[PDB]
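Counted from 1, the sequence shown has number 575 at position 591 by the working numbering; the numbering is strictly sequential.
In this text, a Cβ means the ideal position worked out from N, Cα and C, and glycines have one as well.
Working notes, beginning with the structure itself.
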Amino acid sequence: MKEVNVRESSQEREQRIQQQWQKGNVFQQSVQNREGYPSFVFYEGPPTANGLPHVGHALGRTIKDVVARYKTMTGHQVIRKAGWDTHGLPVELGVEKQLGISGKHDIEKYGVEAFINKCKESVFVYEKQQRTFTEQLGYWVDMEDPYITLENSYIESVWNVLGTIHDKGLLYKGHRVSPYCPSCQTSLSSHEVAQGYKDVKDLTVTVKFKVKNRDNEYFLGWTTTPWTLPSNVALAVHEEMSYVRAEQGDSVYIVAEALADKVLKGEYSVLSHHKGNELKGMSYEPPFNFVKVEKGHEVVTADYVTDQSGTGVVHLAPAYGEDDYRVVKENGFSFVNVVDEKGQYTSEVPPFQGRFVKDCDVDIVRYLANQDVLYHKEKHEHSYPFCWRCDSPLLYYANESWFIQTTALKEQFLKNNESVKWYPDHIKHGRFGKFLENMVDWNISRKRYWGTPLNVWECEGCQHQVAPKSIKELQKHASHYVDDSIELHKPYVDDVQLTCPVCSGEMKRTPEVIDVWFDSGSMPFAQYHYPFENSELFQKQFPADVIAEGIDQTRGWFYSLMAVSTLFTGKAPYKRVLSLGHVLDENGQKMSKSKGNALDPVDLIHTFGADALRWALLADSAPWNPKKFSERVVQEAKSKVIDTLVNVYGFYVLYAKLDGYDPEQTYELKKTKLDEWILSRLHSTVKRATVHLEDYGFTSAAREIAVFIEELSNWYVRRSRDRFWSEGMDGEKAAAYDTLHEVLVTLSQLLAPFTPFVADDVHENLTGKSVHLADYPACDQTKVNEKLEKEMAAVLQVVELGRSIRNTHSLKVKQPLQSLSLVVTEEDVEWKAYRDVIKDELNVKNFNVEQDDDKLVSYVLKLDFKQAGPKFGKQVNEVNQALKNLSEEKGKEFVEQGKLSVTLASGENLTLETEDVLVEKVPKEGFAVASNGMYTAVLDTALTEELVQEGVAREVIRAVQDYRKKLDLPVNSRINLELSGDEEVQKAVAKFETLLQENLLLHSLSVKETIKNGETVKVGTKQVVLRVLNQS
Ligand SMILES: CC[C@H](C)[C@H](N)C(=O)NS(=O)(=O)NC[C@H]1O[C@@H](n2cnc3c(N)ncnc32)[C@H](O)[C@@H]1O
Ligand SMILES: [Zn+2]
Ligand SMILES: [Zn+2]
């Protein structure tokens, strides 16, 4: 079974394991071997094929992989089909940059087909880069037969979904004020808008509107967007709000009563009161008269007008605000637009014609000053929407768009969300639920070229709508031949016309493509070409038991999945969501190619291994909140966890080969208490890690396993090395091999979801079988020993205290010390059974357990000046010296009694209060103390000549052993040793001759004054010459 561990880099090991997986079809087999087992349904969120993966993209892939691998080992069939997101602005803008073009006109000049072909080439390149990263990460997901949103079958399924929605009356065209990108030149959905808010500072202005058929009378109108003033059509007031005409100097101003003292400043006199109902119908003069409004420039009532802020009179521009649009339409007032598709001023506004409307703000203000209509200006700091792709400021623009009527099913939305288990829980009614509660209809139409065509044909004659669900329906309705090979993209589908079933007129397809989020949201149905194929497989693969993606999908794939599934089937498409916090750099800053702070995950995988990167991503911090990350954490994962497992595994393999241990052979076993302890810790770790994984606590399970690995290396193997080093297969050595074999097999199984490469290396070399075809190990409670674990933990605490004392007092563990005393308050731990271990680890001749420190401490008394200065006056220092002069028993007496007296030099006796004396408990001479509260270790640090000489003899023994290894001698060869050194070394060697002979297989030992051709070694601070003569 066991072959060998070799000097190989992490990359070489992982490449070898990957090749093993390829030759054996291990991923395929881990799916197929679970046929007939219960299903665990997993949906892969399709990464966008528009860029190179960064380290953040390794998080979800890792977590998904863990889940899938874990669910496979606990007896589920987990089908994993990969997907790529290939449409939309996320691809189009990058391709435009590659081509050095921008805007729809440039694309039309370039050619729609040529631009689309460029998009296809780009997405293919990025797909391959993503695929290589995914394979090197060890995330098993089928990328040889993935779903791709640009494939015809996927688009046909999307078309079927959209047509079914249209059948329900929930897909409609409407002229609405929608968020709009002036650069991308398209409307955007509400989730896209939610992804792009930034804090900005701009100007809100109060402007005078001359009342008509009056003189020196002006309405005070308010706006937060000065650039819409040329498009003014009306002024809005609340009908039940009280307004005032107030004289100020030569003029009269109309303003809300509650706001007049704020708007009017310096001097004013209120002449009359009017309700907003009365101000209705009064005409006025617009600040800009470039635009001609045939019906407008009046005052109207609107219930949303507030007296909390502004003036109570609100400028209304119907094309650039939803409320303005609704109110202007209700009163019959006319709709005017002064902005082109790029956000620039149209010809109807001459002075700024051809400039972005927002950038014209400042000039507008001065223009207002030159017409003498400005009244106030104020800075406004607020959240404003920016495009989630181009980063341009958005505009609210009247535009004809296609909507999915999500609001019609809002209740069902909420119901479906109520059935979903969210990790972390707060997303359910927080980030996600709050977005559901504020639902607006889904604007899906994009005036772009690369994407899923909106499959709605409209009759030029009577505007009847037909939405083909399939290529067959498209062919059926077409007025001309349509080949079976038709590609469902622009411009090919724009050359397909239909005959209107109503009037036989020409039906043309609406030109738009759909929002990319619809493509990804349709994957449960489109990944298997439902309902045209794989109906049984689709039924078995719906809904998902889990999905796991980043938190941004709360305004993304989580929403688009929920929306498409609710509109199409009414059902929730997933039962459970893992919403992952984004990975940041070590400073907490978001990683970007522009910033240059993005770590290359491929380089990290090459340097430290995918196992290390995954472990760092899982164990350094939880996946729910934003995660600081660094190369250092990957380094620490590799050195502390992965390397440790590899070293233990190689140790086992080497010595099992040398001693000819065969796990199939039945040996007589003499299991020690350390074997039992490590087995108990193993099965306890199995239990706790399983419990955490069942609740998707990856971090806690990883940390538990890491604790077990540290205990296995630093304590079990290190203290059991002699049993592997010894010669002859006694019961104790066989028990050691059996214990380590069980630990390695079960541990590699536990680690299989976390660190798949090294886990398979260990498991396959030890068992001949891949760990990823294995069952997750069960906890054997009969091997759990809670008492032994508790006692061993106490022993470890004592050992750490002893080491701390030795380090504080520069007493190297190679130097034996006389005693350790452990003061313990309770008989919790059977210390006797561990005496040897403790005496071994701290190198002490005696280990004594005491219930009190009476025999180990003394008391030293001093005076508290801050509490007793005035009482003793000039005698304070004399009293303090007398206190420092009392005997040990006097200090013990003060500690017991609390009352003390000091007899000063003059013979005067003085009484000391408890608060006057500062008490110090010191260790007895030669002793040093460390304490964790529960345990107090007192170490005898006093050195004798005998102790020092024993230390020198130990150093000589070690030097001789090292020299024997250096000269490559047989382990059974008895040697003639010649030793030269000063008299301290000679006396130490002579006194401990017996010990040297027990620890060295010496035929003769000669102490010589001078050694010819001898090796000079360092024994402590001394130099000693050694020489071997026979059997060298
Ligand atoms: C589910 C996929 C969506 C439909 C879409 N194609 C998309 O967002 N595609 S992506 O490639 O941009 N994102 C892939 C996954 O990585 C997450 N992610 C993106 N940026 C980070 C980051 N900085 N830190 C951690 N995770 C991050 C996404 O949420 C998605 O899960
Ligand atoms: Zn944009
Ligand atoms: Zn018609």
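Of the heavy atoms belonging to ligand 1, at least one sits nearer than 7 Å to the Cβ of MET575. The Cβ-Cβ distance between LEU213 and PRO271 falls below 8 Å. Counting along the chain, the unbroken alpha helix (DSSP H) around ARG948 starts and ends at 929 to 950.
Distances from the CB of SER267 to the heavy atoms of ligand 2 are all 7 Å or more.
Selection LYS975, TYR380, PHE976 and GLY1004 evaluated against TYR368 yields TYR380 as nearest (Cα-Cα). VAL289 is not a Cβ neighbour of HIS360, given a cutoff of 8 Å.
Around the beta-carbon of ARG616, fewer than 16 other beta-carbon atoms lie within 10 Å, marking it exposed.
Counting the other CB atoms within 10 Å of its CB gives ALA303 a total of 16 or more, which places it among the buried residues. By the C-beta criterion, the stretch 773 to 783 is judged not to be in contact with the stretch 749 to 764, since fewer than 3 inter-stretch pairs fall below 8 Å. Excluding five sequence positions before and after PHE274, the CB atoms of its chain that fall closer than 7 Å to its own CB belong to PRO214, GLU332, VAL333 and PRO334, given in chain order.
DSSP places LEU984 outside any beta strand (DSSP E), giving it a letter other than H or E. Within the model, the alpha-carbon separation for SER803 versus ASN769 is close to 30 Å. When DSSP states are grouped into helix, strand and coil, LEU894 belongs to the strand group.
In this chain, the alpha helix (DSSP H) harbouring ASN136 covers 136 to 151.
Taking non-hydrogen atoms of ligand 3 into account, the C-beta of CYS168 is found less than 7 Å away from none of them. Look at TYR636 here: in three-state DSSP terms it is helix.
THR766 sits exposed, since fewer than 16 C-beta atoms from the chains shown fall within 10 Å of its C-beta.
In terms of side-chain proximity, the C-beta atom of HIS676 is found no nearer than 7 Å to any non-hydrogen atom of ligand 1. Residue pairing from DSSP places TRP441 in a beta bridge opposite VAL450 and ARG493.
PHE317 carries a coil assignment under DSSP once its states are collapsed to helix, strand and coil. Assigned with DSSP and collapsed to three states, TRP372 falls in coil, not helix or strand. The alpha carbon of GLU262 has as its nearest neighbour, out of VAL254, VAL284, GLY280 and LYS279, the alpha carbon of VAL284.
CA-CA distance, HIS159 to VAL675, rounds to 55 Å. A distance filter of 5 Å between CB atoms and the heavy atoms of ligand 1 selects the following residues in sequence order: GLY29, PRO31, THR32, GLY40, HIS41, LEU43, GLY44, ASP69, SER504, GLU533, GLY534, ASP536, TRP541, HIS566 and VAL567.
Ranked by how close their Cα comes to the Cα of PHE416, the residues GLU402, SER506, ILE428 and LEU172 have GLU402 in first place.
Secondary structure remark: continuous alpha helix (DSSP H) runs of at least 4 residues inside the stretch 519 to 586, in chain order: 519 to 524 and 541 to 552.
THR170 sits close to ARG430, with the two beta carbons spaced by under 8 Å. Taking the CA atoms as reference points, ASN869 sits about 9 Å from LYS846.
Taking the Cβ of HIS448 as the reference point, at least one heavy atom of ligand 3 falls within a distance shorter than 7 Å. Judged by pairs of C-beta atoms under 8 Å, the stretch 706 to 720 does not touch the stretch 821 to 831, as fewer than three such pairs exist. Closest in C-alpha terms to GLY565, from the list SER544, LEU884, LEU601 and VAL742, comes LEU601. Going by DSSP, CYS165 is part of the beta strand (DSSP E) stretching over 155 to 165.
Straight through space, the alpha carbons of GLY338 and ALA353 are spaced by roughly 22 Å.
Taking 7 Å as the cut-off, the C-beta of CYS344 does not count as close to any heavy atom of ligand 2. Between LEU551 and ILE428 the beta-carbon gap is near 11 Å, outside 8 Å, which marks them as no contact. Taken atom to atom, the span from the alpha-carbon of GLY998 to that of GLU930 is near 28 Å.
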